[PDB]
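Scroll down for the structure; my scribbles are underneath it.
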Amino acid sequence: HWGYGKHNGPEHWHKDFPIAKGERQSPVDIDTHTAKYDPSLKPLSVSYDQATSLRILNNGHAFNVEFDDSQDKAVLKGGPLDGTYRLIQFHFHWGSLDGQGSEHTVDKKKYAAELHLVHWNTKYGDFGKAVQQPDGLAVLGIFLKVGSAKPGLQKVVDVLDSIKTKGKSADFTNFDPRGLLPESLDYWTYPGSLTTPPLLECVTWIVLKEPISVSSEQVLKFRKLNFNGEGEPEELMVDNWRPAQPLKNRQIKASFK
Ligand SMILES: NS(=O)(=O)c1ccc(-c2ncc(CCl)[se]2)cc1
Ligand SMILES: [Zn+2]
């Protein structure tokens, strides 16, 4: 029953999930002038050569591209992280209009969309145990702006017709998430949360500075998805983003000068 409408959207979530008003909630605004360069941050390691995508699912809130995480095949390491974090899924948040859609903001600027590559810390054995720990997850966040098409996204865009409604899934093998990465791995990092219920405070956020460009046609196809199930009243899957939350007692660190 939580969602993104007038009666069940982000300002209501605290009633079922009181941690919504917690001390390390996400997303946040990234104030680029107050983030401090941290020369001790190690370089980020994104090792996606052996990634094994399996399936694409409309879960009623976003679409997830799911990966085989039963072995160390697509891993994130380095940066602010200790140990090895395994890719489980990616998804996006987007707007009804190009002027909004991202969850994180940069000096209050909203991008058209935001990609989340979700990874779990292998020392906790599985995703469900990992989300109960303060260092359980690492989410790589990448902003999308509208301009030139992203060739590596098109395979995703073109399957969306087959998962229009909530609960639909489709086979989605051999998708290479390297084709969704900008050139630079310069990032900001801070401790935060899942940005949807249950809003668990288990995430090391790593948000890349360089956006990727996608075409207006690509993002228009995201906006034809539905929040509803098949044979229910059509409600377009748009504006599935949580707004910026208070920073509280946290510092955002930059990997670059
Ligand atoms: N937007 S986000 O990257 O912070 C993010 C990632 C993962 C989840 C969940 N995965 C399984 C869940 C219980 Cl079915 Se909730 C929720 C939110
Ligand atoms: Zn997300």
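By order in the structure tokens, chains are A, B, ...; within a chain, residues start at 1; ligands start at 1, following the order shown.
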Which of region 22-254 of chain A fall in alpha helix (DSSP H), as an MDAnalysis selection string
chainID A and resid 127:130 154:159 216:222
Go through chain A residue by residue and, counting only C-alpha atoms and all ligand atoms, keep those with an atom at most 6 Å from ligand 1; for each kept residue give the shortest atom pair and its distance in Å to one decimal, ordered by chain and increasing number, as JSON lines.
```
{"residue": "A:116", "atom": "CA", "partner": "ligand 1", "partner_atom_place_in_ligand_line": "3 (O)", "distance": 5.2}
{"residue": "A:118", "atom": "CA", "partner": "ligand 1", "partner_atom_place_in_ligand_line": "3 (O)", "distance": 5.8}
{"residue": "A:139", "atom": "CA", "partner": "ligand 1", "partner_atom_place_in_ligand_line": "3 (O)", "distance": 5.9}
{"residue": "A:194", "atom": "CA", "partner": "ligand 1", "partner_atom_place_in_ligand_line": "4 (O)", "distance": 3.4}
{"residue": "A:195", "atom": "CA", "partner": "ligand 1", "partner_atom_place_in_ligand_line": "4 (O)", "distance": 4.0}
{"residue": "A:196", "atom": "CA", "partner": "ligand 1", "partner_atom_place_in_ligand_line": "17 (C)", "distance": 4.8}
```
Name the closest residue to residue 220 (chain A) among the candidates A:82, A:158, A:72, A:103; distances are taken between atoms, counting only C-alpha atoms.
A:158
Would you mind listing what lies within 12 Å of region 39-53 of chain A as number ranges by chain, with only C-alpha atoms counted and same-chain residues fewer than 4 positions away left out?
A: 57, 64-90, 117, 119, 138-140, 156, 170-181, 184-189, 206-208, 253-257
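Picture a line from CA of residue 102 (chain A) to CA of residue 193 (chain A); it runs 15.6 Å.
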Can you pull out the residues contacting residue 233 (chain A)? Cut-off 12 Å, using only C-alpha atoms, and skip same-chain residues under 4 positions away; I want them as a compact mmCIF listing (two decimals) with N, CA, C and O atoms, in the first residue's frame.
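Result saved to around35.txt:
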```txt
# COMPACT_ATOMS: atom_id res chain seq x y z
N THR A 165 2.95 -4.09 -16.80
CA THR A 165 2.21 -4.02 -15.58
C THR A 165 2.86 -4.78 -14.40
O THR A 165 3.71 -5.65 -14.58
N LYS A 166 2.48 -4.38 -13.20
CA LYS A 166 2.96 -4.95 -11.94
C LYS A 166 2.89 -6.46 -11.91
O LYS A 166 1.82 -7.03 -12.22
N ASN A 226 3.47 0.87 -16.17
CA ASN A 226 2.34 1.04 -15.29
C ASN A 226 2.66 0.61 -13.87
O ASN A 226 3.32 -0.39 -13.69
N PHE A 227 2.21 1.36 -12.88
CA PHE A 227 2.27 0.95 -11.50
C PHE A 227 1.29 -0.19 -11.20
O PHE A 227 1.54 -1.01 -10.33
N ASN A 228 0.15 -0.16 -11.90
CA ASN A 228 -0.93 -1.09 -11.69
C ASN A 228 -0.64 -2.47 -12.32
O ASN A 228 0.20 -2.63 -13.22
N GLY A 229 -1.36 -3.47 -11.81
CA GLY A 229 -1.43 -4.75 -12.47
C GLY A 229 -2.32 -4.76 -13.69
O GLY A 229 -3.16 -3.87 -13.86
```
DSSP-assigned strand (DSSP E) members of region 97-214 of chain A, reported as an NGL selection string
:A and (105-106 or 113-121 or 137-146 or 169-171 or 187-192 or 203-208 or 212-214)
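Using only C-alpha atoms and all ligand atoms, the shortest contact distance between ligand 2 and any of A:26, A:122, A:213, A:132 is found at A:26.
Closest approach to residue 34 (chain A) from the set A:97, A:199, A:106, A:131 is made by A:106, with distances taken over only C-alpha atoms.
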Nearest to ligand 2 among A:17, A:92, A:205, A:111, with distances taken over only C-alpha atoms and all ligand atoms: which residue is it?
A:92
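With distances restricted to only C-alpha atoms, A:201 is the closest residue to residue 21 (chain A) from A:201, A:141, A:210, A:239.
Around residue 28 (chain A), within 8 Å and counting only C-alpha atoms, the residues found are residues 25, 103, 104, 105, 243, 244, 245, 246 and 247 of chain A, once anything fewer than 3 positions away on its own chain is removed.
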Taking 3 positions as the minimum chain separation for residues in the same chain, which residues sit within 7 Å of residue 2 (chain A) when counting only C-alpha atoms? Answer as an NGL selection string.
:A and (8-9 or 13)
Distance CA of residue 134 (chain A)-CA of residue 200 (chain A), one decimal place?
8.7 Å
Compile the contact shell of region 144-146 of chain A as a PDB file with N, CA, C and O atoms, in the first residue's frame: residues with an atom at most 9 Å away, counting only C-alpha atoms, same-chain residues fewer than 2 positions apart removed.
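So result_32.pdb came out as:
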```pdb
ATOM      1  N   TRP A  94      12.526   7.740 -12.129  1.00  0.00           N
ATOM      2  CA  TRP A  94      12.389   8.743 -13.189  1.00  0.00           C
ATOM      3  C   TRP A  94      11.159   9.598 -12.992  1.00  0.00           C
ATOM      4  O   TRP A  94      10.283   9.332 -12.118  1.00  0.00           O
ATOM      5  N   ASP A  98      11.244  15.927 -17.985  1.00  0.00           N
ATOM      6  CA  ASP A  98      12.699  15.791 -17.968  1.00  0.00           C
ATOM      7  C   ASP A  98      13.307  16.567 -16.766  1.00  0.00           C
ATOM      8  O   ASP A  98      14.409  16.261 -16.366  1.00  0.00           O
ATOM      9  N   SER A 102      15.312  12.284 -10.583  1.00  0.00           N
ATOM     10  CA  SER A 102      16.370  11.753  -9.727  1.00  0.00           C
ATOM     11  C   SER A 102      15.983  11.847  -8.257  1.00  0.00           C
ATOM     12  O   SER A 102      15.133  12.640  -7.854  1.00  0.00           O
ATOM     13  N   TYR A 111      17.993  15.576 -11.805  1.00  0.00           N
ATOM     14  CA  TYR A 111      18.167  15.000 -13.133  1.00  0.00           C
ATOM     15  C   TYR A 111      16.859  14.309 -13.579  1.00  0.00           C
ATOM     16  O   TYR A 111      15.948  14.078 -12.811  1.00  0.00           O
ATOM     17  N   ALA A 112      16.842  13.917 -14.858  1.00  0.00           N
ATOM     18  CA  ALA A 112      15.670  13.297 -15.451  1.00  0.00           C
ATOM     19  C   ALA A 112      15.433  11.896 -14.884  1.00  0.00           C
ATOM     20  O   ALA A 112      14.317  11.395 -14.825  1.00  0.00           O
ATOM     21  N   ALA A 113      16.484  11.268 -14.430  1.00  0.00           N
ATOM     22  CA  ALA A 113      16.384   9.904 -13.883  1.00  0.00           C
ATOM     23  C   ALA A 113      17.648   9.567 -13.112  1.00  0.00           C
ATOM     24  O   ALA A 113      18.644  10.294 -13.149  1.00  0.00           O
ATOM     25  N   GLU A 114      17.619   8.444 -12.377  1.00  0.00           N
ATOM     26  CA  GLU A 114      18.758   7.960 -11.608  1.00  0.00           C
ATOM     27  C   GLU A 114      18.747   6.410 -11.627  1.00  0.00           C
ATOM     28  O   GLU A 114      17.740   5.796 -11.350  1.00  0.00           O
ATOM     29  N   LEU A 115      19.881   5.843 -12.039  1.00  0.00           N
ATOM     30  CA  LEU A 115      20.166   4.422 -12.023  1.00  0.00           C
ATOM     31  C   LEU A 115      20.799   4.029 -10.690  1.00  0.00           C
ATOM     32  O   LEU A 115      21.728   4.657 -10.255  1.00  0.00           O
ATOM     33  N   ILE A 142      23.859   6.577 -10.529  1.00  0.00           N
ATOM     34  CA  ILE A 142      24.345   7.246 -11.753  1.00  0.00           C
ATOM     35  C   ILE A 142      23.178   8.097 -12.273  1.00  0.00           C
ATOM     36  O   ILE A 142      22.066   7.616 -12.483  1.00  0.00           O
ATOM     37  N   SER A 148      21.821  12.835 -26.105  1.00  0.00           N
ATOM     38  CA  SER A 148      22.115  11.688 -26.997  1.00  0.00           C
ATOM     39  C   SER A 148      21.648  10.389 -26.396  1.00  0.00           C
ATOM     40  O   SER A 148      21.589  10.260 -25.167  1.00  0.00           O
ATOM     41  N   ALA A 149      21.272   9.425 -27.244  1.00  0.00           N
ATOM     42  CA  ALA A 149      20.907   8.128 -26.764  1.00  0.00           C
ATOM     43  C   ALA A 149      22.084   7.416 -26.100  1.00  0.00           C
ATOM     44  O   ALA A 149      23.240   7.611 -26.476  1.00  0.00           O
ATOM     45  N   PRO A 211      27.036  12.289 -15.239  1.00  0.00           N
ATOM     46  CA  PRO A 211      25.809  11.652 -15.722  1.00  0.00           C
ATOM     47  C   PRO A 211      26.010  10.894 -17.005  1.00  0.00           C
ATOM     48  O   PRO A 211      26.949  11.176 -17.744  1.00  0.00           O
ATOM     49  N   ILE A 212      25.135   9.945 -17.272  1.00  0.00           N
ATOM     50  CA  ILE A 212      25.023   9.417 -18.610  1.00  0.00           C
ATOM     51  C   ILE A 212      23.932  10.174 -19.330  1.00  0.00           C
ATOM     52  O   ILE A 212      22.997  10.700 -18.719  1.00  0.00           O
ATOM     53  N   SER A 213      24.056  10.231 -20.664  1.00  0.00           N
ATOM     54  CA  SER A 213      23.003  10.811 -21.520  1.00  0.00           C
ATOM     55  C   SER A 213      22.141   9.721 -22.098  1.00  0.00           C
ATOM     56  O   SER A 213      22.690   8.720 -22.563  1.00  0.00           O
ATOM     57  N   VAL A 214      20.820   9.917 -22.030  1.00  0.00           N
ATOM     58  CA  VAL A 214      19.882   9.035 -22.681  1.00  0.00           C
ATOM     59  C   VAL A 214      18.995   9.905 -23.582  1.00  0.00           C
ATOM     60  O   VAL A 214      18.930  11.130 -23.386  1.00  0.00           O
ATOM     61  N   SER A 215      18.338   9.297 -24.567  1.00  0.00           N
ATOM     62  CA  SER A 215      17.505  10.099 -25.456  1.00  0.00           C
ATOM     63  C   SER A 215      16.109  10.312 -24.896  1.00  0.00           C
ATOM     64  O   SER A 215      15.617   9.563 -24.019  1.00  0.00           O
ATOM     65  N   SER A 216      15.464  11.374 -25.374  1.00  0.00           N
ATOM     66  CA  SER A 216      14.102  11.641 -25.009  1.00  0.00           C
ATOM     67  C   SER A 216      13.241  10.408 -25.312  1.00  0.00           C
ATOM     68  O   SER A 216      12.371  10.056 -24.527  1.00  0.00           O
ATOM     69  N   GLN A 218      14.176   7.208 -25.326  1.00  0.00           N
ATOM     70  CA  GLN A 218      14.460   6.213 -24.310  1.00  0.00           C
ATOM     71  C   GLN A 218      13.617   6.505 -23.016  1.00  0.00           C
ATOM     72  O   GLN A 218      12.938   5.625 -22.487  1.00  0.00           O
ATOM     73  N   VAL A 219      13.692   7.716 -22.464  1.00  0.00           N
ATOM     74  CA  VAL A 219      13.002   7.992 -21.217  1.00  0.00           C
ATOM     75  C   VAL A 219      11.479   7.977 -21.420  1.00  0.00           C
ATOM     76  O   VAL A 219      10.750   7.555 -20.564  1.00  0.00           O
TER      77      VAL A 219
END
```
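A straight line drawn from CA of residue 252 (chain A) to CA of residue 190 (chain A) is 5.0 Å long.
Distance annotation: of A:27, A:235, A:11, A:38, the residue with the minimal separation from residue 93 (chain A) is A:27; atom set is only C-alpha atoms.
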